[PDB]
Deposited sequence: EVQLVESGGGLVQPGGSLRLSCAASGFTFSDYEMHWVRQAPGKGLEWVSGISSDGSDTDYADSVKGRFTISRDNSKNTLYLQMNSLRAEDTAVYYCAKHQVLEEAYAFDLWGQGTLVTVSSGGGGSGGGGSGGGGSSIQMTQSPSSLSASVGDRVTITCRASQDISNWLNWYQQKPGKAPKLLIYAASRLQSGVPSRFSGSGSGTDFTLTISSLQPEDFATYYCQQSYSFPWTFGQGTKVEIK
């Protein structure tokens, strides 16, 4: 089971690119699919989404009228037509599957991302970065600009790696993530806690509200070494 993005590259301002996202191991046609991007000044930014049958589409305001999302459910392929590209569109672009997990919605499958370079409800996380050692207890906080009940997910993004779903619905651990990771909170203040930091836990962590559209992420919390 994986998603594989292709089509990135270097493009002049005002240029065009077409990204494709090839899905495998699951019934692609059954799932809402989305593009999410991260610019060199990071933080995840939802770009666009499309319903399972391809009839309903959505875009972030910053890409309206320039990007077009589509899908070929017969070839398990998602597309993003990017016209009139701008310097600010420089980013890694992720393809992601939206899943109803228990009674909640999360992006539970992501691709590794493709790089686009152009040249010739608010979520607040704290801290923005922290340095720690192996064995340390790490506390990361997310505050929501509104009550969102337990409609909150946490993602882990290792350096140079695709983001990964850690916790959904504020406290529910995703399959495979170890017990040291734990989430708590409801309403407007949420906590991700790593009970004992391991070397593979050095990463950037993102919260994301799943309560009202458009989906918004926190700016990220960088967990650095030393």
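According to the record, C-alpha coordinates are lacking for deposited residues 1, 122 to 137.
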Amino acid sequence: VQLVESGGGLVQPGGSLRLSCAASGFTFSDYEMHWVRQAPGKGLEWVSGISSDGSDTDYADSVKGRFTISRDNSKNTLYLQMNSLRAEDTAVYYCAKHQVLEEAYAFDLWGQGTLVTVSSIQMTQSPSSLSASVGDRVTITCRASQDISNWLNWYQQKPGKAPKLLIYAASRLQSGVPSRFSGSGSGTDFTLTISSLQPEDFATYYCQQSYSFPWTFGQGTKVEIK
From here on, numbers count along this sequence of modelled residues.
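Between 45 to 53 and 167 to 175, it is 167 to 175 that carries the larger average Cα temperature factor according to the deposited entry. Note on 54 to 62 vs 193 to 201: mean CA B-factor is higher in 193 to 201. Ranking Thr90, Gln81, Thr77, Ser149 by the C-alpha B-factor listed in the PDB entry places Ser149 at the top. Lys97: CA B factor in the middle third of modelled residues in this chain (values from the PDB entry). In the deposited entry, the Cα temperature factor of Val138 places it in the highest third of its chain's modelled residues. When the modelled residues of the chain are ordered by C-alpha B-factor, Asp108 sits in the middle third.
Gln122 sits in the highest third of its chain by CA B factor, as recorded in the PDB entry. Split the chain's modelled residues into thirds by C-alpha temperature factor. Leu85 is in the middle one.
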